[PDB]
Structures are given as C-alpha cells and as structure tokens.
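Heads up: the structure comes next, in structure tokens.
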Amino acid sequence: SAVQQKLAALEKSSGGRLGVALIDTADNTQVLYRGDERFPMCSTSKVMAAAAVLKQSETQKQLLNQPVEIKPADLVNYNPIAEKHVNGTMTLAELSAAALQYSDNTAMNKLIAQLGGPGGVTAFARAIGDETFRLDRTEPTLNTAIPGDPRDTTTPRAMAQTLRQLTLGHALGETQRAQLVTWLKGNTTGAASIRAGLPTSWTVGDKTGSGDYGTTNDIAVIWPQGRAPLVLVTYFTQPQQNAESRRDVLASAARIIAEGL
C-alpha cells in the first residue's frame, strides 16, 4: 500500500530500522511494517510492569496504596521522581505513575521487584496471551539495545495487540484498565514522538522508550474525536551504538499513518 511505501521511504531516509504496528479498532484492520521483527523495548516495557501490578491489585485490593521504601542504593541512572522521595516511601500507585509518566527507572525496578523479578513481568505477558514479550533484565541494563540480542525485546505486532488488550480490552479489571488509561494519557515524555505527528485534537496516551543504538520508541493508544480508537506502536533503532535519538522518525511515522484514516 501507499502507507507501506511511505514508511519504507521514511526508514530509508532515516538510516535505521523502523517497526510499526497500527490496529484500527473500527474494523480490527492492522498495518504492519517490520511487524514481526524484534526490537529493544527500552522503557516501553514499563507498561507491562505497571499492568502486572494492576493485575495483582484485582485480588489485593489495597496493593496500590502499599508504601515502598526508596533508599539511596535503589537509585539508578534516571530517577526524576524517586529522587524526590529518597529516604521516604512511595506507594505502588505512585511508583507506577512515575514509571509511566516520567519514565523513572528506579520506579520500574521497584515494580519488577514487586513482581518477583523480570520473570514475573514476562509471566504476566504470557498470562494475557503475549508469547513474544520478554523482559530479561532490570534497569538500566535492559536498554543496551544490542543488535541481534533477543533480551528485552518484543515485536511491533505483539506489543500493539497487548497494548490494545490492556487499555481497550479486558485483560485488566475495569478500575485497573481505567487507571492505566489515565496514567498513559498523563504521560509527560511524549510530546515530540507519536503525538507530534497527529492532529492536536486527538487524545493520546503513550509510553516512550529510548536506549543505546539510538533506540527511540513510542507506543500509544489514540482516541480521535468521533472515531474508534487506534493503537500505534513505533519502534526505531540504529546501527551505531552512540547514535542520537530520533523522535522525529516516530512523529513522521505517525503522520504517515494518520494520512489514510
């Protein structure tokens, strides 16, 4: 299609490797570009950790209010919110919000610990039918994004389907789904990514990710005004370990997708 030709041209112009998956929930149609290739998730993996904790809270009704200590040894490389609470506590809800809306890496590690390690996050993916997602490491080493390395990867197709189930479907309970949607809509790190390629009137909930090899990712649910929602995953990675981030590629991919709907 025109769209796949324009995404391939965008990719060629960028020098990197682009993966896109769009689900249009109007007709359940999908648009895929490198949809079954693995890409490093980087911080887009935080959505799965937060959702796994939300799933636990369906049985442990008070779990999100559980206070969790933030100690100096817990701090890693990027902790904008946790740093504000060192030698204090944050609740699991606050940690989930921080991981999602500020991409706080300490917060992610606390979520992973709550789930019993990376294997607990992966298990949740398997439990909701995602056989592709794999979380192998904690922060910050899950962002190494080494070409070919299957650790901490997923495919665009799988992540789009999982994000749909978590936000628009019923993989989570009603209150949990609504909480996740509220958290995603409040993301603070996404302005230059998918959102920048979309009409300003559309409501977007997203999670960005970035890592080495100039890896620049964003996963979003999109609510156009008067029109069924869309799920859009855009993953991008580059051949040079020290490449700079290319959020513009994600914006451009979103724009190409939006031309057509």
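Residues are named by chain letter and number: chains run A, B, ... in the order of the structure tokens, numbers start at 1 in each chain, and ligands are numbered from 1 in the order shown.
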
Quiz item: Could you name the residues that touch residue A:153 at 9 Å or less, counting only C-alpha atoms, but leaving out those on the same chain fewer than 5 positions away, as a list in words?
Solution: residues 38, 39, 40, 41, 42, 45, 132, 133, 134, 135, 136 and 145 of chain A

Practice problem: Report the residues of stretch 146-258 of chain A whose backbone DSSP state falls under strand (DSSP E or B), written as a ChimeraX atom specification. | Solution: /A:153-154,203-211,215-223,230-237

Write the residues of the selection above to a file with N, CA, C and O atoms, as a JSON list (two decimals), in the first residue's frame.
```json
[["chain", "number", "residue", "atom", "x", "y", "z"],
["A", 153, "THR", "N", 13.17, -7.68, 24.39],
["A", 153, "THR", "CA", 12.60, -7.30, 23.11],
["A", 153, "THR", "C", 11.15, -7.74, 23.00],
["A", 153, "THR", "O", 10.66, -8.62, 23.71],
["A", 154, "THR", "N", 10.47, -7.16, 22.03],
["A", 154, "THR", "CA", 9.22, -7.65, 21.56],
["A", 154, "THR", "C", 9.08, -7.29, 20.10],
["A", 154, "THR", "O", 10.01, -6.75, 19.53],
["A", 203, "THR", "N", -6.80, 12.69, 21.32],
["A", 203, "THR", "CA", -6.29, 12.36, 22.64],
["A", 203, "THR", "C", -5.38, 11.14, 22.53],
["A", 203, "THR", "O", -5.73, 10.14, 21.90],
["A", 204, "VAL", "N", -4.24, 11.26, 23.15],
["A", 204, "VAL", "CA", -3.21, 10.22, 23.04],
["A", 204, "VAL", "C", -2.80, 9.80, 24.44],
["A", 204, "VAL", "O", -2.58, 10.63, 25.32],
["A", 205, "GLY", "N", -2.59, 8.51, 24.61],
["A", 205, "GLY", "CA", -1.97, 8.03, 25.81],
["A", 205, "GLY", "C", -0.77, 7.23, 25.32],
["A", 205, "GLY", "O", -0.95, 6.44, 24.40],
["A", 206, "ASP", "N", 0.41, 7.45, 25.84],
["A", 206, "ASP", "CA", 1.58, 6.79, 25.23],
["A", 206, "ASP", "C", 2.64, 6.52, 26.28],
["A", 206, "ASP", "O", 2.64, 7.11, 27.37],
["A", 207, "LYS", "N", 3.60, 5.67, 25.89],
["A", 207, "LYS", "CA", 4.80, 5.47, 26.65],
["A", 207, "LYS", "C", 5.97, 5.44, 25.69],
["A", 207, "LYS", "O", 6.01, 4.59, 24.81],
["A", 208, "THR", "N", 6.93, 6.32, 25.92],
["A", 208, "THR", "CA", 8.15, 6.36, 25.14],
["A", 208, "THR", "C", 9.18, 5.40, 25.66],
["A", 208, "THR", "O", 9.10, 4.82, 26.78],
["A", 209, "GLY", "N", 10.18, 5.17, 24.85],
["A", 209, "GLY", "CA", 11.37, 4.49, 25.31],
["A", 209, "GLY", "C", 12.57, 4.92, 24.53],
["A", 209, "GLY", "O", 12.46, 5.34, 23.38],
["A", 210, "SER", "N", 13.70, 4.89, 25.18],
["A", 210, "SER", "CA", 14.94, 5.20, 24.49],
["A", 210, "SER", "C", 16.07, 4.43, 25.10],
["A", 210, "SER", "O", 16.06, 4.07, 26.29],
["A", 211, "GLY", "N", 17.09, 4.20, 24.32],
["A", 211, "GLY", "CA", 18.18, 3.38, 24.73],
["A", 211, "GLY", "C", 19.37, 3.58, 23.85],
["A", 211, "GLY", "O", 19.42, 4.48, 23.03],
["A", 215, "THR", "N", 18.07, 4.00, 20.01],
["A", 215, "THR", "CA", 16.78, 3.40, 20.04],
["A", 215, "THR", "C", 15.75, 4.38, 20.55],
["A", 215, "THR", "O", 15.95, 5.04, 21.57],
["A", 216, "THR", "N", 14.66, 4.53, 19.79],
["A", 216, "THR", "CA", 13.71, 5.60, 20.02],
["A", 216, "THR", "C", 12.36, 4.99, 19.74],
["A", 216, "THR", "O", 12.08, 4.62, 18.62],
["A", 217, "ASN", "N", 11.54, 4.80, 20.79],
["A", 217, "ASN", "CA", 10.32, 4.03, 20.70],
["A", 217, "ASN", "C", 9.16, 4.82, 21.27],
["A", 217, "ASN", "O", 9.34, 5.73, 22.10],
["A", 218, "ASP", "N", 7.97, 4.45, 20.86],
["A", 218, "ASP", "CA", 6.79, 5.04, 21.49],
["A", 218, "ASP", "C", 5.63, 4.10, 21.20],
["A", 218, "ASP", "O", 5.54, 3.51, 20.12],
["A", 219, "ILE", "N", 4.78, 3.87, 22.17],
["A", 219, "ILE", "CA", 3.61, 3.04, 22.00],
["A", 219, "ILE", "C", 2.45, 3.85, 22.49],
["A", 219, "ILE", "O", 2.54, 4.53, 23.51],
["A", 220, "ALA", "N", 1.40, 3.86, 21.71],
["A", 220, "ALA", "CA", 0.30, 4.73, 22.02],
["A", 220, "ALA", "C", -1.06, 4.13, 21.75],
["A", 220, "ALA", "O", -1.26, 3.31, 20.87],
["A", 221, "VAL", "N", -2.00, 4.59, 22.54],
["A", 221, "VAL", "CA", -3.43, 4.46, 22.22],
["A", 221, "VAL", "C", -3.92, 5.84, 21.85],
["A", 221, "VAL", "O", -3.54, 6.84, 22.46],
["A", 222, "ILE", "N", -4.74, 5.89, 20.82],
["A", 222, "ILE", "CA", -5.13, 7.16, 20.22],
["A", 222, "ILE", "C", -6.63, 7.18, 20.14],
["A", 222, "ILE", "O", -7.24, 6.24, 19.62],
["A", 223, "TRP", "N", -7.22, 8.25, 20.67],
["A", 223, "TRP", "CA", -8.67, 8.44, 20.60],
["A", 223, "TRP", "C", -8.96, 9.63, 19.70],
["A", 223, "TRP", "O", -8.90, 10.77, 20.16],
["A", 230, "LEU", "N", -7.41, 3.91, 18.00],
["A", 230, "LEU", "CA", -6.33, 3.25, 17.29],
["A", 230, "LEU", "C", -5.26, 2.89, 18.32],
["A", 230, "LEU", "O", -5.09, 3.58, 19.32],
["A", 231, "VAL", "N", -4.51, 1.84, 18.03],
["A", 231, "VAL", "CA", -3.31, 1.51, 18.79],
["A", 231, "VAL", "C", -2.16, 1.60, 17.81],
["A", 231, "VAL", "O", -2.24, 1.04, 16.72],
["A", 232, "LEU", "N", -1.11, 2.33, 18.18],
["A", 232, "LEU", "CA", 0.04, 2.53, 17.30],
["A", 232, "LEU", "C", 1.32, 2.31, 18.07],
["A", 232, "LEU", "O", 1.54, 2.91, 19.11],
["A", 233, "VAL", "N", 2.15, 1.41, 17.58],
["A", 233, "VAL", "CA", 3.47, 1.12, 18.13],
["A", 233, "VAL", "C", 4.49, 1.51, 17.07],
["A", 233, "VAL", "O", 4.33, 1.16, 15.91],
["A", 234, "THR", "N", 5.51, 2.29, 17.48],
["A", 234, "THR", "CA", 6.58, 2.71, 16.59],
["A", 234, "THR", "C", 7.88, 2.46, 17.31],
["A", 234, "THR", "O", 8.15, 3.03, 18.37],
["A", 235, "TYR", "N", 8.70, 1.57, 16.76],
["A", 235, "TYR", "CA", 9.99, 1.25, 17.30],
["A", 235, "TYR", "C", 11.04, 1.62, 16.28],
["A", 235, "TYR", "O", 10.82, 1.47, 15.09],
["A", 236, "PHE", "N", 12.18, 2.15, 16.73],
["A", 236, "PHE", "CA", 13.22, 2.59, 15.82],
["A", 236, "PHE", "C", 14.54, 2.32, 16.48],
["A", 236, "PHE", "O", 14.74, 2.70, 17.63],
["A", 237, "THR", "N", 15.49, 1.78, 15.73],
["A", 237, "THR", "CA", 16.83, 1.60, 16.28],
["A", 237, "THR", "C", 17.84, 1.76, 15.14],
["A", 237, "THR", "O", 17.45, 1.73, 13.97]]
```

Practice problem: Name the residues in contact with residue A:34 at a cut-off of 7 Å, using only C-alpha atoms, excluding same-chain residues fewer than 3 positions from it; report them as a PyMOL selection string. | Solution: chain A and resi 19-20+37

Just-selected residues, C-alpha atoms written as a JSON list (two decimals), in the first residue's frame:
```json
[["chain", "number", "residue", "atom", "x", "y", "z"],
["A", 19, "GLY", "CA", 8.98, -1.11, 13.12],
["A", 20, "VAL", "CA", 5.33, -0.03, 13.07],
["A", 37, "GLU", "CA", 10.87, -8.30, 13.84]]
```

Quiz prompt | Nearest to residue A:197 by atom-to-atom distance, counting only C-alpha atoms, from A:180, A:121, A:254, A:2 | solution =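 The shortest atom-to-atom distance to residue A:197 comes from A:254.
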
Quiz item: When distances are computed from only C-alpha atoms, which of A:162, A:114, A:141, A:252 shows the smallest separation from residue A:194?
Solution: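 When distances to residue A:194 are compared using only C-alpha atoms, the smallest one comes from A:252.
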
Quiz item: So which bits of stretch 54-251 of chain A end up alpha helix (DSSP H) when you DSSP the backbone, as a PyMOL selection string?
Solution: chain A and resi 54-56+92-101+105-114+118-127+156-167+174-185+247-251

Practice problem: Find the residues around residue A:258 up to 9 Å (only C-alpha atoms counted), leave out those fewer than 5 positions away in its own chain, and share them as an MDAnalysis selection string. | Solution: chainID A and resid 197:199 253

Those residues you just picked out, can you put them in a file as an mmCIF file, in the first residue's frame with N, CA and C atoms?
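Written file, result_12.cif:
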```cif
data_model
loop_
_atom_site.group_PDB
_atom_site.id
_atom_site.type_symbol
_atom_site.label_atom_id
_atom_site.label_comp_id
_atom_site.auth_asym_id
_atom_site.auth_seq_id
_atom_site.Cartn_x
_atom_site.Cartn_y
_atom_site.Cartn_z
ATOM 1 N N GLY A 197 3.055 13.914 15.368
ATOM 2 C CA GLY A 197 2.623 13.613 14.017
ATOM 3 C C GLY A 197 1.143 13.507 13.888
ATOM 4 N N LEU A 198 0.383 13.787 14.992
ATOM 5 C CA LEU A 198 -1.047 13.633 14.982
ATOM 6 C C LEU A 198 -1.762 14.973 15.145
ATOM 7 N N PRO A 199 -2.986 15.066 14.617
ATOM 8 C CA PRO A 199 -3.834 16.232 14.898
ATOM 9 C C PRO A 199 -3.881 16.540 16.385
ATOM 10 N N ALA A 253 6.299 8.795 11.245
ATOM 11 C CA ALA A 253 5.584 7.562 11.013
ATOM 12 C C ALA A 253 4.151 7.711 11.391
#
```

Report the closest atom pair, with its distance in Å rounded to one decimal, for each residue of stretch 112-228 of chain A that has an atom no farther than 7 Å from stretch 238-247 of chain A; count only C-alpha atoms, sort by chain and then rising residue number, and write it as a tab-separated table.
```
residue	atom	partner	partner_atom	distance
A:192	CA	A:247	CA	6.0
A:193	CA	A:247	CA	5.0
A:212	CA	A:241	CA	5.8
A:213	CA	A:241	CA	4.0
A:214	CA	A:243	CA	4.4
A:215	CA	A:245	CA	6.4
A:216	CA	A:245	CA	5.7
```

Quiz item: Mind pulling up the distance from atom CA of residue A:111 to atom CA of residue A:250?
Solution: 27.3 Å

Exercise. Record the distance separating atom CA of residue A:182 and atom CA of residue A:90, expressed in Å with one decimal.
Key: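 Going from atom CA of residue A:182 over to atom CA of residue A:90, I get 18.8 Å.
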
Quiz item: So how many Å separate atom CA of residue A:190 and atom CA of residue A:101, to one decimal?
Solution: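 These atoms are spaced 9.1 Å apart.
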